[PDB]
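Asker: Supplied in structure tokens, the structure appears directly below.
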Amino acid sequence: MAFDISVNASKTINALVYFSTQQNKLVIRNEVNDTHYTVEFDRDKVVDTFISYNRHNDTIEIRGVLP
Amino acid sequence: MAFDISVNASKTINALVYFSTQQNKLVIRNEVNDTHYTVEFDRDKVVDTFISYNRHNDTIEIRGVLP
Amino acid sequence: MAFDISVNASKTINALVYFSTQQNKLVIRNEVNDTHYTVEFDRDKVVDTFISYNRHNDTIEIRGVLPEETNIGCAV
Amino acid sequence: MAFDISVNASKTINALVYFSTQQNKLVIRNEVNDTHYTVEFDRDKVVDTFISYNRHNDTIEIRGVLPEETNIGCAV
Ligand SMILES: CCCCCCCCCCCCCC(=O)O
Ligand SMILES: CCCCCCCCCCCCCC(=O)O
């Protein structure tokens, strides 16, 4: 189980993280202008995320894995 | 385990689905211009996806869940 | 193997996706209005689709290309 | 509780996220260059962050706001 986001580095990623009691889920929401990408996980899952810059493609990347 | 994508409905979502032998993963890649959002799953997971239009916000939505 | 499907935008396209180790196939089961499509193709082959809203006829449209060796079932 | 962290863009920010049922807290463990931040806050509180590339000083920047009742640990 993994996810990956890549955006042009002129853009800003608005990342929100919370645990919702009503949903009983860990939420990671990523917004890039009018586009949103959300992933949701159970209350006891560990998500390891890596934020980086790719110089060759001029992109910001976020990769998430379940270790 | 769930994901959700929302994009302004003037945009087109390029969704690619494949199983990679080298990664041993089911891949769902969604590209919206220069932004990409990929989710990856194990070889025997079922992903139920729903593609819809939200008239109030003028957005295309894709929601995926593991049933 | 190009395809183009559409539904009125008040409705939802529902696609179930999985890789079946026993069939050794990627399987997509799609519900499109009153219609079911079962699509099966091989590992390391891609289904490449474009999902859009057609403002001219108020539809959700999916257009794309299937691998050469694809099996398709249709039922209503 | 505003924050602003940065690393040279040749490096990676590594954030581990989980909700600990026993502590009844959302926990984020971040590695930022030579530094570790442990951040803990309550359910139904949001950490709202903005991740960008700063072309002027070649850094990855994360700026954002933490909930009022947040615990922060820092180690090098
Ligand atoms: C998560 C997005 C999945 C997109 C699934 C697209 C597959 C649609 C196949 C429809 C094939 C219909 C063929 C026909 O028109 O007779
Ligand atoms: C998946 C994205 C997660 C983003 C995590 C942002 C949390 C960063 C907290 C850093 C707090 C540092 C406080 C300080 O500068 O002393």
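The way I read the labels, and the way they are meant: chains A, B, ... in the order of the structure tokens, residue 1 as the first residue of every chain, and ligand 1 as the first ligand shown, with later ones counted on from there.
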Produce as a PyMOL selection string the set of residues near ligand 1, where near means within 7 Å with only C-alpha atoms and all ligand atoms considered.
Answerer: (chain B and resi 15+17+28+49) or (chain C and resi 3-5+15+28+30+37+39+49+62)
Asker: Check every protein, DNA and RNA residue against ligand 2, keep those with an atom at most 10 Å away (counting only C-alpha atoms and all ligand atoms), and present them as a ChimeraX atom specification.
Answerer: /A:13-17,28-30,47-51,62-64 /D:1-6,13-17,27-32,35-40,47-51,62-66,71-74
Asker: Have a look at atom CA of residue 75 of chain C and atom CA of residue 56 of chain C and let me know their distance in Å, one decimal.
Answerer: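 Between atom CA of residue 75 of chain C and atom CA of residue 56 of chain C the gap is 28.2 Å.
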Asker: Quick one: residues within 10 Å of residue 21 of chain D, only C-alpha atoms, excluding same-chain residues fewer than 6 positions away - as a PDB file with N, CA and C atoms, in the first residue's frame?
Answerer:
ATOM      1  N   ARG A  43      -7.294   3.802  12.173  1.00  0.00           N
ATOM      2  CA  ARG A  43      -6.767   4.467  13.362  1.00  0.00           C
ATOM      3  C   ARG A  43      -5.400   3.977  13.824  1.00  0.00           C
ATOM      4  N   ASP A  44      -5.018   2.755  13.475  1.00  0.00           N
ATOM      5  CA  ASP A  44      -3.709   2.280  13.904  1.00  0.00           C
ATOM      6  C   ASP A  44      -2.879   1.766  12.739  1.00  0.00           C
TER       7      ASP A  44
ATOM      8  N   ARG D  43      -7.182  14.346  18.710  1.00  0.00           N
ATOM      9  CA  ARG D  43      -8.105  13.957  17.650  1.00  0.00           C
ATOM     10  C   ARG D  43      -8.892  15.169  17.168  1.00  0.00           C
TER      11      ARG D  43
END
Asker: Write out as number ranges by chain all residues of chain B that DSSP puts in strand (DSSP E or B) for this structure's backbone.
Answerer: B: 2-8, 13-20, 25-32, 35-42, 47-54, 59-65
Asker: Residues at most 8 Å from residue 58 of chain D, counting only C-alpha atoms, excluding those fewer than 4 positions away in the same chain, as a PDB file with N, CA, C and O atoms, in the first residue's frame?
Answerer:
ATOM      1  N   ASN D   8      17.926  22.060   2.487  1.00  0.00           N
ATOM      2  CA  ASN D   8      18.467  22.201   1.141  1.00  0.00           C
ATOM      3  C   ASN D   8      17.785  21.185   0.254  1.00  0.00           C
ATOM      4  O   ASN D   8      17.529  20.052   0.681  1.00  0.00           O
ATOM      5  N   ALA D   9      17.470  21.591  -0.972  1.00  0.00           N
ATOM      6  CA  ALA D   9      16.592  20.783  -1.814  1.00  0.00           C
ATOM      7  C   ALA D   9      17.235  19.487  -2.309  1.00  0.00           C
ATOM      8  O   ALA D   9      16.599  18.712  -3.013  1.00  0.00           O
ATOM      9  N   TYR D  53       8.818  24.633  -3.024  1.00  0.00           N
ATOM     10  CA  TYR D  53      10.222  24.762  -3.382  1.00  0.00           C
ATOM     11  C   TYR D  53      10.535  26.249  -3.470  1.00  0.00           C
ATOM     12  O   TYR D  53       9.858  27.003  -4.186  1.00  0.00           O
ATOM     13  N   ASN D  54      11.539  26.676  -2.713  1.00  0.00           N
ATOM     14  CA  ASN D  54      11.982  28.071  -2.709  1.00  0.00           C
ATOM     15  C   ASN D  54      13.125  28.209  -3.706  1.00  0.00           C
ATOM     16  O   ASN D  54      14.254  27.816  -3.427  1.00  0.00           O
TER      17      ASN D  54
END
Asker: Of the residues C:52, C:70, C:57, C:33, which is the one nearest to chain B, using only C-alpha atoms?
Answerer: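 Looking only at the distances to chain B, the closest residue turns out to be C:52.
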